[PDB]
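Student:
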Amino acid sequence: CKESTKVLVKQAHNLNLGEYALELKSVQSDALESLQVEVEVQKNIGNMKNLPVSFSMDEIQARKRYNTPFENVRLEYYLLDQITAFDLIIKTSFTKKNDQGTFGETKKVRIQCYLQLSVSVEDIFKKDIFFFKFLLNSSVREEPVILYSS
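Structure representation (structure tokens):
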């Protein structure tokens, strides 16, 4: 037992690719808050859970807080709930079981839950011809937004 006050701190850094894993983003949504996930398929996948982690439960798929484990999921979404939250913390753990035993647990990825742009609508009414006025804006007042199509 070489346990001591040593501050060596060996890395075992994040390897890049060419093996199965799972990632969690939040894109292509409507105007109600949600979250998503995506994974790389393999020979035999297994259970893969998640959790929130704070003093109070920020977002919850159930009535109270939840975990929402699932078995053999490739690309599917998951909803959330309400608090004064901007960026929640999700500790996704994935027992892959591709081999006899293989895991990639405790991937504490802090996902973000906010609308990027902001839209306001003004309607003007002529005699049976109708025009829209669309006042677009950015939600946060530090980072700007770019655009591709509307």
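So the sequence shown is numbered by PDB author numbering: it starts at 653 and just counts up by one. Positions of the beta carbon are idealized from the N, C-alpha and C atoms, including for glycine.
Could you pull the start and end residues of the beta strand (DSSP E) that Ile742 belongs to?
Tutor: 742 to 746 is the extent of the beta strand (DSSP E) around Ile742.
Student: Could you check which residue in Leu731, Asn699, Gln663 has the C-alpha nearest to that of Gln688?
Tutor: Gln688 has its Cα closest to that of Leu731, out of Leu731, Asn699, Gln663.
Student: Using a beta-carbon distance below 9 angstroms, is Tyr672 in contact with chain D?
Tutor: Within the model displayed, chain D is absent; a lone protein chain is all it includes.
Student: Rounding to the nearest angstrom, what Cα-Cα distance links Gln768 and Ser708 in this structure?
Tutor: In a straight line, the C-alpha of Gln768 is about 25 angstroms away from that of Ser708.
Student: Rounding to the nearest angstrom, what Cα-Cα distance links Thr720 and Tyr729 in this structure?
Tutor: Taking the straight line joining both Cα atoms gives about 11 angstroms.
Student: Beta strand (DSSP E) containing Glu774: first to last residue?
Tutor: Start and end: 769 to 777.
Student: Measuring straight from C-alpha to C-alpha, what distance separates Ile741 and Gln663?
Tutor: Looking at the two C-alpha atoms, the distance is approximately 23 angstroms.
Student: Can you give, in chain order, each stretch of the beta strand (DSSP E) that sits fully within the stretch 693 to 758 and has at least 3 residues?
Tutor: Listed in chain order, they are 699 to 701, 727 to 731, 742 to 746.
Student: Between which two residues does the beta strand (DSSP E) carrying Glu690 extend?
Tutor: Unbroken beta strand (DSSP E) run through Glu690: 686 to 691.
Student: Figure out for me which residue from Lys760, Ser678, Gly670, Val691 has the closest Cα to the Cα of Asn702.
Tutor: Of the candidates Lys760, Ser678, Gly670, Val691, the one whose C-alpha sits nearest the C-alpha of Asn702 is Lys760.
Student: Which first and last residues belong to the beta strand (DSSP E) in which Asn789 is found?
Tutor: Unbroken beta strand (DSSP E) run through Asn789: 782 to 790.
Student: For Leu674, name the three-state secondary structure that DSSP assigns.
Tutor: Of the three classes helix, strand and coil, the one that applies to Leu674 here is strand, per DSSP.
Student: On a Cα-Cα basis, can you pick out the residue from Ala673, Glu711, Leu669, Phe777 that is closest to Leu727?
Tutor: Taking only the C-alpha atoms, the option nearest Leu727 is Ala673.
Student: I'd like the list of long-range same chain contacts for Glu723, defined as Cβ closer than 6 angstroms, with 5 residues on each side in sequence excluded.
Tutor: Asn699, listed in sequence order.
Student: May I have the straight-line CA-CA distance separating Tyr766 from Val705, to the nearest angstrom?
Tutor: About 18 angstroms.
Student: Express the C-alpha separation of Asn750 and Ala714 in angstroms, rounding to a whole number.
Tutor: Distance between the alpha carbons of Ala714 and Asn750: 30 angstroms.
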